[PDB]
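Asks: This is the structure I want to talk about, given as structure tokens.
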Amino acid sequence: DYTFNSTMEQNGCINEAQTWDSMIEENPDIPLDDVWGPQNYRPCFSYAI
Amino acid sequence: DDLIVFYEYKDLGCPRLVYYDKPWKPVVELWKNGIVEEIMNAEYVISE
Ligand SMILES: *[C@@H]1O[C@H](CO)[C@@H](O[C@@H]2O[C@H](CO)[C@@H](O[C@@H]3O[C@H](CO[C@@H]4O[C@H](CO)[C@@H](O)[C@H](O)[C@@H]4O)[C@@H](O)[C@H](O[C@@H]4O[C@H](CO)[C@@H](O)[C@H](O)[C@@H]4O)[C@@H]3O)[C@H](O)[C@H]2NC(C)=O)[C@H](O)[C@H]1NC(C)=O
Ligand SMILES: *[C@@H]1O[C@H](CO)[C@@H](O[C@@H]2O[C@H](CO)[C@@H](O)[C@H](O)[C@H]2NC(C)=O)[C@H](O)[C@H]1NC(C)=O
């Protein structure tokens, strides 16, 4: 129960981004520290990724 | 005959929309270093 200010559009995500829930669902058992980070950043203004 | 076409979103993107029995010519733009600089006004052709 905590949300944010804007949506996926109105900021410029041309394609589907990466959000916290999808990243958590991605990594099953490992602590939250190694789930999402700068080694895993994929940009959303992408059109091709 | 039974010809089939495989659309590629990633190469192309969302395709344009035009309607039946309307005179249309595309508008083409020239880009230098990822910057819009001038509309192209020279002779060009299209094909399939
Ligand atoms: C802070 O966070 C914000 C987002 O919340 C970031 O803001 C965005 O940063 C992007 C990177 O600097 C800006 O880049 C855009 O990327 C688009 C890429 O699209 C290309 O399209 C061609 C085909 O034409 C492909 O070949 C390429 O591979 C790409 O897919 C560009 O289209 C886009 O250009 C314009 O952007 C304006 C933004 O107003 C649009 O109105 C316009 O229609 C067109 O899309 C641009 O180059 C992005 O603009 C920017 N967004 C905003 C709202 O600011 C910041 O970068 C983050 N801060 C830092 C320091 O990084
Ligand atoms: C998100 O909510 C914030 C409120 O904090 C909005 O921020 C405003 O942005 C405008 C645009 O420049 C500023 O003039 C206001 O001063 C800002 N308000 C505040 C209280 O800081 C923002 O517009 C919202 N974003 C969206 C997409 O709705």
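Indices start at 1 and increase along the chain as displayed.
Structure method, as recorded: electron microscopy, 3.9 Å.
The backbone N, Cα and C atoms fix where each Cβ goes, and this holds for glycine too.
Positions annotated as disulfide bond by Swiss-Prot, on the basis of experimental evidence: A:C13-A:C44. Annotation comment: Swiss-Prot describes A:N5 as N-linked glycosylation site, evidence class experimental evidence.
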Asks: Roughly how many angstrom lie between the C-alpha atoms of the residue listed as 'N-linked glycosylation site' and A:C13 (disulfide bond)?
Replies: 15
Asks: Under DSSP, is A:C13 (disulfide bond) part of a helix or a strand, or is it coil?
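Replies: The three-state answer is coil.
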Asks: Measure from each Cβ of the recorded positions A:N5, A:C13, A:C44 to the atoms of ligand 2 and list the residues where some distance is under 6 Å.
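Replies: The recorded positions passing the 6 Å Cβ test are A:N5.
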Asks: If you count Cβ atoms within 10 Å of the Cβ of the residue listed as 'N-linked glycosylation site', leaving out that atom itself, what do you get?
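Replies: The residue listed as 'N-linked glycosylation site' is surrounded by 6 other Cβ atoms within 10 Å.
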